[PDB]
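Pasting query33.pdb here (PDB, C-alpha atoms (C1' of nucleotides) and all ligand atoms):
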```pdb
ATOM      1  CA  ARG A  52     200.640  88.313 -70.642
ATOM      2  CA  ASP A  53     202.437  88.872 -67.322
ATOM      3  CA  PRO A  54     200.464  86.760 -64.840
ATOM      4  CA  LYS A  55     200.293  87.316 -61.095
ATOM      5  CA  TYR A  56     200.580  83.548 -60.518
ATOM      6  CA  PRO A  57     201.579  80.577 -62.694
ATOM      7  CA  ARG A  58     198.771  78.334 -63.884
ATOM      8  CA  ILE A  59     201.153  75.350 -63.825
ATOM      9  CA  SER A  60     203.768  75.120 -61.072
ATOM     10  CA  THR A  61     205.072  71.611 -61.725
ATOM     11  CA  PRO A  62     208.178  71.992 -63.936
ATOM     12  CA  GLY A  63     207.063  69.495 -66.579
ATOM     13  CA  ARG A  64     209.184  66.383 -67.066
ATOM     14  CA  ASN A  65     210.166  64.722 -70.338
ATOM     15  CA  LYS A  66     208.009  61.606 -70.257
ATOM     16  CA  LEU A  67     209.136  60.682 -73.788
ATOM     17  CA  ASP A  68     212.762  60.198 -72.802
ATOM     18  CA  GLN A  69     215.253  57.788 -74.373
ATOM     19  CA  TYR A  70     213.973  54.755 -72.450
ATOM     20  CA  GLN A  71     210.450  55.324 -73.737
ATOM     21  CA  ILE A  72     211.709  55.962 -77.279
ATOM     22  CA  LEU A  73     213.883  52.822 -77.395
ATOM     23  CA  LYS A  74     211.803  50.064 -75.824
ATOM     24  CA  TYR A  75     213.715  46.962 -76.954
ATOM     25  CA  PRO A  76     215.430  45.628 -80.084
ATOM     26  CA  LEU A  77     213.960  43.053 -82.428
ATOM     27  CA  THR A  78     215.599  39.619 -82.420
ATOM     28  CA  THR A  79     213.698  37.816 -85.177
ATOM     29  CA  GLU A  80     215.588  35.994 -87.914
ATOM     30  CA  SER A  81     214.758  38.766 -90.385
ATOM     31  CA  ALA A  82     215.910  41.406 -87.894
ATOM     32  CA  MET A  83     219.208  39.605 -87.235
ATOM     33  CA  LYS A  84     219.996  39.486 -90.957
ATOM     34  CA  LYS A  85     220.018  43.289 -91.088
ATOM     35  CA  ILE A  86     222.889  43.448 -88.586
ATOM     36  CA  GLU A  87     225.575  41.866 -90.767
ATOM     37  CA  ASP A  88     224.074  42.657 -94.182
ATOM     38  CA  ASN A  89     223.271  46.355 -93.797
ATOM     39  CA  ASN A  90     224.821  47.523 -90.486
ATOM     40  CA  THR A  91     221.293  48.024 -89.176
ATOM     41  CA  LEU A  92     219.702  47.660 -85.751
ATOM     42  CA  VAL A  93     215.957  47.054 -85.475
ATOM     43  CA  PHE A  94     214.167  48.553 -82.477
ATOM     44  CA  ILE A  95     210.649  48.639 -81.118
ATOM     45  CA  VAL A  96     209.916  52.322 -80.566
ATOM     46  CA  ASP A  97     207.190  54.484 -79.073
ATOM     47  CA  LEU A  98     204.295  55.499 -81.304
ATOM     48  CA  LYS A  99     204.937  59.158 -80.438
ATOM     49  CA  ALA A 100     208.615  59.014 -81.460
ATOM     50  CA  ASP A 101     209.539  60.500 -84.837
ATOM     51  CA  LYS A 102     212.719  59.870 -86.812
TER      52      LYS A 102
ATOM     53  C1'   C B   1     159.686 -21.991 -89.033
ATOM     54  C1'   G B   2     161.364 -16.918 -90.679
ATOM     55  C1'   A B   3     160.929 -11.532 -92.657
ATOM     56  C1'   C B   4     157.547  -7.190 -92.137
ATOM     57  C1'   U B   5     153.852  -4.315 -89.224
ATOM     58  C1'   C B   6     151.512  -3.644 -84.550
ATOM     59  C1'   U B   7     151.688  -4.478 -79.428
ATOM     60  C1'   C B   8     153.391  -5.871 -73.879
ATOM     61  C1'   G B   9     157.678  -6.095 -70.581
ATOM     62  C1'   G B  10     163.221  -5.758 -69.244
ATOM     63  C1'   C B  11     167.805  -3.326 -70.292
ATOM     64  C1'   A B  12     170.227   0.466 -73.131
ATOM     65  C1'   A B  13     169.622   5.277 -75.774
ATOM     66  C1'   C B  14     167.637  10.342 -76.902
ATOM     67  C1'   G B  15     166.055  14.555 -74.365
ATOM     68  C1'   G B  16     166.274  17.870 -70.192
ATOM     69  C1'   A B  17     160.978  17.739 -67.317
ATOM     70  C1'   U B  18     160.400  17.019 -62.064
ATOM     71  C1'   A B  19     162.493  17.467 -57.177
ATOM     72  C1'   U B  20     165.857  19.943 -53.867
ATOM     73  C1'   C B  21     168.878  24.595 -54.142
ATOM     74  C1'   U B  22     170.482  30.075 -55.154
ATOM     75  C1'   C B  23     176.821  35.628 -53.941
ATOM     76  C1'   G B  24     170.345  36.983 -58.736
ATOM     77  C1'   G B  25     165.657  39.432 -59.376
ATOM     78  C1'   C B  26     161.199  42.063 -57.665
ATOM     79  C1'   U B  27     158.415  44.910 -53.873
ATOM     80  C1'   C B  28     158.373  47.999 -49.429
ATOM     81  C1'   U B  29     160.704  51.132 -45.679
ATOM     82  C1'   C B  30     164.850  54.212 -43.906
ATOM     83  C1'   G B  31     169.257  57.678 -44.046
ATOM     84  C1'   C B  32     172.254  61.006 -46.698
ATOM     85  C1'   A B  33     173.026  65.230 -50.469
ATOM     86  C1'   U B  34     178.398  64.865 -53.263
ATOM     87  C1'   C B  35     179.387  65.908 -61.267
ATOM     88  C1'   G B  36     181.943  69.654 -64.714
ATOM     89  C1'   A B  37     186.639  74.901 -68.210
ATOM     90  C1'   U B  38     190.980  73.063 -61.107
ATOM     91  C1'   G B  39     188.047  69.841 -67.800
ATOM     92  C1'   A B  40     182.664  66.016 -66.112
ATOM     93  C1'   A B  41     179.531  62.032 -68.120
ATOM     94  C1'   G B  42     180.718  59.324 -72.479
ATOM     95  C1'   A B  43     184.229  57.466 -76.325
ATOM     96  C1'   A B  44     189.333  55.433 -77.878
ATOM     97  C1'   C B  45     194.046  53.283 -77.191
ATOM     98  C1'   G B  46     197.311  51.145 -74.044
ATOM     99  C1'   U B  47     198.881  48.548 -69.432
ATOM    100  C1'   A B  48     200.624  41.899 -66.156
ATOM    101  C1'   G B  49     206.623  36.866 -66.353
ATOM    102  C1'   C B  50     202.842  33.940 -68.426
ATOM    103  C1'   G B  51     195.582  37.564 -70.493
ATOM    104  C1'   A B  52     191.641  37.297 -74.791
ATOM    105  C1'   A B  53     187.201  39.117 -71.928
ATOM    106  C1'   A B  54     185.195  40.971 -67.391
ATOM    107  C1'   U B  55     187.438  43.825 -63.243
ATOM    108  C1'   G B  56     191.461  47.502 -62.265
ATOM    109  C1'   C B  57     194.690  51.140 -63.601
ATOM    110  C1'   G B  58     197.227  55.422 -67.060
ATOM    111  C1'   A B  59     204.100  55.714 -69.893
ATOM    112  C1'   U B  60     204.586  56.085 -61.825
ATOM    113  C1'   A B  61     199.747  52.101 -66.085
ATOM    114  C1'   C B  62     195.895  44.730 -62.372
ATOM    115  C1'   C B  63     199.599  49.933 -59.781
ATOM    116  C1'   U B  64     203.251  54.582 -56.479
ATOM    117  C1'   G B  65     202.424  56.946 -51.391
ATOM    118  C1'   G B  66     200.234  57.438 -46.226
ATOM    119  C1'   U B  67     197.696  55.016 -42.319
ATOM    120  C1'   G B  68     195.591  50.328 -40.323
ATOM    121  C1'   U B  69     196.026  45.157 -39.688
ATOM    122  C1'   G B  70     199.642  41.665 -39.061
ATOM    123  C1'   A B  71     202.118  36.600 -42.497
ATOM    124  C1'   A B  72     200.414  35.815 -47.056
ATOM    125  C1'   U B  73     199.407  35.521 -52.845
ATOM    126  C1'   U B  74     198.477  31.031 -55.388
ATOM    127  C1'   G B  75     196.506  28.166 -61.771
ATOM    128  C1'   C B  76     202.201  27.796 -62.815
ATOM    129  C1'   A B  77     206.894  29.793 -61.886
ATOM    130  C1'   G B  78     210.532  33.118 -59.791
ATOM    131  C1'   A B  79     211.366  37.261 -56.065
ATOM    132  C1'   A B  80     210.519  39.760 -51.464
ATOM    133  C1'   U B  81     209.324  39.568 -46.363
ATOM    134  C1'   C B  82     208.764  37.299 -40.512
ATOM    135  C1'   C B  83     210.156  39.134 -32.134
ATOM    136  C1'   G B  84     209.468  43.136 -38.425
ATOM    137  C1'   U B  85     209.544  50.567 -40.745
ATOM    138  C1'   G B  86     206.693  44.336 -42.109
ATOM    139  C1'   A B  87     203.804  39.617 -46.641
ATOM    140  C1'   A B  88     198.964  40.516 -48.693
ATOM    141  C1'   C B  89     194.872  39.524 -56.046
ATOM    142  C1'   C B  90     194.138  42.731 -47.581
ATOM    143  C1'   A B  91     191.340  47.232 -45.618
ATOM    144  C1'   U B  92     191.060  52.455 -45.766
ATOM    145  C1'   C B  93     192.449  57.372 -47.251
ATOM    146  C1'   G B  94     194.480  62.818 -46.441
ATOM    147  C1'   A B  95     200.110  62.368 -50.559
ATOM    148  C1'   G B  96     200.995  61.650 -56.009
ATOM    149  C1'   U B  97     200.631  60.175 -61.197
ATOM    150  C1'   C B  98     196.750  60.460 -64.520
ATOM    151  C1'   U B  99     197.966  58.713 -72.700
ATOM    152  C1'   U B 100     194.238  60.361 -77.195
ATOM    153  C1'   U B 101     189.588  62.598 -76.823
ATOM    154  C1'   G B 102     184.944  64.503 -75.407
ATOM    155  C1'   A B 103     180.815  70.877 -73.170
ATOM    156  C1'   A B 104     186.339  70.610 -75.689
ATOM    157  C1'   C B 105     189.005  75.704 -76.292
ATOM    158  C1'   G B 106     194.893  77.773 -82.230
ATOM    159  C1'   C B 107     192.238  75.885 -87.366
ATOM    160  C1'   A B 108     190.403  71.248 -88.752
ATOM    161  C1'   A B 109     189.004  66.257 -89.180
ATOM    162  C1'   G B 110     187.108  59.186 -93.382
ATOM    163  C1'   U B 111     193.805  63.780 -92.084
ATOM    164  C1'   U B 112     197.478  61.319 -85.510
ATOM    165  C1'   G B 113     196.677  66.820 -91.199
ATOM    166  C1'   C B 114     197.576  72.722 -91.369
ATOM    167  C1'   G B 115     199.454  77.253 -88.272
ATOM    168  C1'   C B 116     201.392  81.149 -84.776
ATOM    169  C1'   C B 117     203.834  82.772 -79.841
ATOM    170  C1'   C B 118     207.070  82.068 -75.442
ATOM    171  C1'   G B 119     210.741  79.332 -73.775
ATOM    172  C1'   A B 120     214.331  76.488 -69.672
ATOM    173  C1'   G B 121     219.114  74.196 -71.285
ATOM    174  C1'   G B 122     222.999  73.378 -74.698
ATOM    175  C1'   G B 123     224.121  86.019 -83.007
ATOM    176  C1'   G B 124     222.309  81.706 -85.060
ATOM    177  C1'   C B 125     220.788  76.590 -84.590
ATOM    178  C1'   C B 126     218.965  72.645 -81.686
ATOM    179  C1'   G B 127     215.744  72.746 -77.604
ATOM    180  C1'   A B 128     212.764  70.017 -72.677
ATOM    181  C1'   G B 129     208.325  72.239 -71.405
ATOM    182  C1'   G B 130     204.207  75.364 -72.193
ATOM    183  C1'   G B 131     200.718  78.721 -74.438
ATOM    184  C1'   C B 132     197.168  80.974 -78.573
ATOM    185  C1'   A B 133     188.675  79.521 -78.599
ATOM    186  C1'   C B 134     183.871  82.247 -77.583
ATOM    187  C1'   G B 135     180.580  85.218 -74.488
ATOM    188  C1'   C B 136     180.721  88.173 -70.139
ATOM    189  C1'   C B 137     182.054  91.238 -65.373
ATOM    190  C1'   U B 138     185.386  94.751 -62.495
ATOM    191  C1'   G B 139     189.692  97.376 -63.210
ATOM    192  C1'   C B 140     193.596  98.891 -66.703
ATOM    193  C1'   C B 141     196.327 100.321 -71.352
ATOM    194  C1'   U B 142     196.183 102.027 -76.372
ATOM    195  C1'   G B 143     192.768 104.572 -79.442
ATOM    196  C1'   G B 144     188.156 106.718 -82.864
ATOM    197  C1'   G B 145     184.085 110.582 -83.823
ATOM    198  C1'   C B 146     183.223 118.479 -84.036
ATOM    199  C1'   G B 147     178.724 113.680 -80.206
ATOM    200  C1'   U B 148     178.761 117.822 -75.778
ATOM    201  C1'   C B 149     181.807 121.641 -74.483
ATOM    202  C1'   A B 150     186.006 125.061 -72.399
ATOM    203  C1'   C B 151     190.230 127.965 -73.054
ATOM    204  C1'   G B 152     193.525 129.339 -76.750
TER     205        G B 152
HETATM  206  K     K A 201     159.613  -1.469 -75.709
HETATM  207  K     K A 202     163.731  22.870 -60.563
HETATM  208  K     K A 203     192.546  70.545 -94.735
HETATM  209 MG    MG A 204     191.762  42.821 -61.442
HETATM  210 MG    MG A 205     188.922  69.222 -80.502
END
```
Take the structure I supplied and represent it as structure tokens, if you would.
Ligand SMILES: [K+]
Ligand SMILES: [K+]
Ligand SMILES: [K+]
Ligand SMILES: [Mg+2]
Ligand SMILES: [Mg+2]
Amino acid sequence: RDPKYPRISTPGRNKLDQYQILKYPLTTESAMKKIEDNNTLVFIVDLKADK
RNA sequence: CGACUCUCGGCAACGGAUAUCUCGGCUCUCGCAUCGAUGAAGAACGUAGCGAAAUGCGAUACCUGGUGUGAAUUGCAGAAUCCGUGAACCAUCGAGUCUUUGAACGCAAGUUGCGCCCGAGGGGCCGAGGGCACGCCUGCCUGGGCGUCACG
């Protein structure tokens, strides 16, 4: 396919950027235990974000 | 005299009739002609400092932009703004955005399951982003058959 015009002309922007992936951290008592016991941060993340 | 039953009146209950209403209904008349593969109608999930629904909107998410008007919104709180490119849960619309779906279109489907191609940008690797259904029309490219021939 070598089209005579592009069907989409908008570049296409990454709407699932880092600010959508990392919404906010968890601050519950269980989540705070993970910080000093297992060097772990708990985050609320987007549903579309994989590991 | 007392209890019980029945009965008459006064006050208090129970219940929601009556009366007066009404941003609703019903009937009639008029004007207009505008949905969708440029993805509709419908369905799902999200979205507010405090929201569940209804209403609105779509990761730009009770809204962005333009224009108009011209000082509010308010249930609470905080911010912004005022002789101004300037408040508004204001009006209107030409600029935008518009998740998962659905005629629904890579293949499926009680699955966010199973594939292939291109590709900014940082040989290979990692990519943001995007393509790949069916029928049909015009043109085009690559082909098949001694089907009809011509010359070698
Ligand atoms: K009585
Ligand atoms: K009445
Ligand atoms: K399967
Ligand atoms: Mg509303
Ligand atoms: Mg489908």
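The residues returned by the PyMOL selection byres (((chain A and resi 65-72) around 6) and not hetatm) on the shown structure are residues 64, 73, 74, 96 and 97 of chain A.
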Exercise. Do you know which residues are at most 12 Å from residue B:56 counting only C-alpha atoms (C1' of nucleotides), after dropping those on the same chain fewer than 5 positions away, and could you put them as number ranges by chain?
Worked result: B: 47-48, 61-63, 89
Seminar exercise, completed: Counting all atoms listed in the file, the residue among A:78, A:54, A:99, A:90 that lies closest to chain B is A:99
All residues having an atom within 9 Å of ligand K 201 (chain A) (all atoms listed in the file) as a PDB file with C-alpha atoms (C1' of nucleotides), in the coordinates of the input:
```
ATOM      1  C1'   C B   8     153.391  -5.871 -73.879  1.00  0.00           C
ATOM      2  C1'   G B   9     157.678  -6.095 -70.581  1.00  0.00           C
ATOM      3  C1'   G B  10     163.221  -5.758 -69.244  1.00  0.00           C
TER       4        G B  10
END
```
Seminar exercise, completed: atom CA of residue A:98 to atom CA of residue A:76 measures 14.9 Å
Problem set entry | Distance query stretch 128-139 of chain B at most 12 Å, only C-alpha atoms (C1' of nucleotides), self and fewer than 2 positions along chain excluded, as a PyMOL selection string | (chain A and resi 52+57-68) or (chain B and resi 37+104-107+115-122+126+141)
